[PDB]
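A.B. asks: Okay, so the sequence shown: first residue is 1 according to the deposited numbering, each after it adds one.
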Amino acid sequence: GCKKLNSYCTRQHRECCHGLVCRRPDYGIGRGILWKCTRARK
């Protein structure tokens with residue numbers, strides 16, 4: 001199943017559910033470059 005809102009992912013392979021987007025992390029910006037999905041806006 002795709003990734004949900006604020007779900008861990010990578011900008012190299014988008015796997016977020018329709019509507020969301022694999023963007024940088026929220027509060028986790030110290031361990032690896034883990035990008036968290038975010039509710040896009042269009």
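Just so it is clear, CB atoms sit at the ideal spot from N, CA and C, and this is done for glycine as well.
Beta-carbon within less than 6 Å of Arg39's beta-carbon, same chain only, minus the 5 sequence neighbours each way: which residues are those?
C.D. replies: To locate residue 39, count along the sequence shown from 1; it is residue 39. Here the set comprises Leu5 and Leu20.
A.B. asks: Going by CA-CA distance only, name the one from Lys42, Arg41 and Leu34 that's closest to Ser7.
C.D. replies: As a first step, residue 7 is located in the sequence shown; it is residue number 7 there, counting from the start. Closest by alpha carbon: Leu34.
A.B. asks: Assuming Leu20 is part of the beta strand (DSSP E), what are its boundary residues?
C.D. replies: Working through the sequence shown from its first residue, we reach residue 20 at position 20. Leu20 to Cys22 is the span of the beta strand (DSSP E), which, as asked, contains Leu20.
A.B. asks: Name, in chain order, the residues that DSSP records as bridge partners for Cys37.
C.D. replies: Position 37 of the sequence shown, counted from the first residue, corresponds to residue 37. In DSSP, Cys37 forms a bridge with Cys22.
A.B. asks: What does the Cβ neighbour count give for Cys2, buried or exposed, with the cut at 16 atoms within 10 Å?
C.D. replies: Locating residue 2 in the sequence shown gives position 2, counting from the first residue. Exposed.
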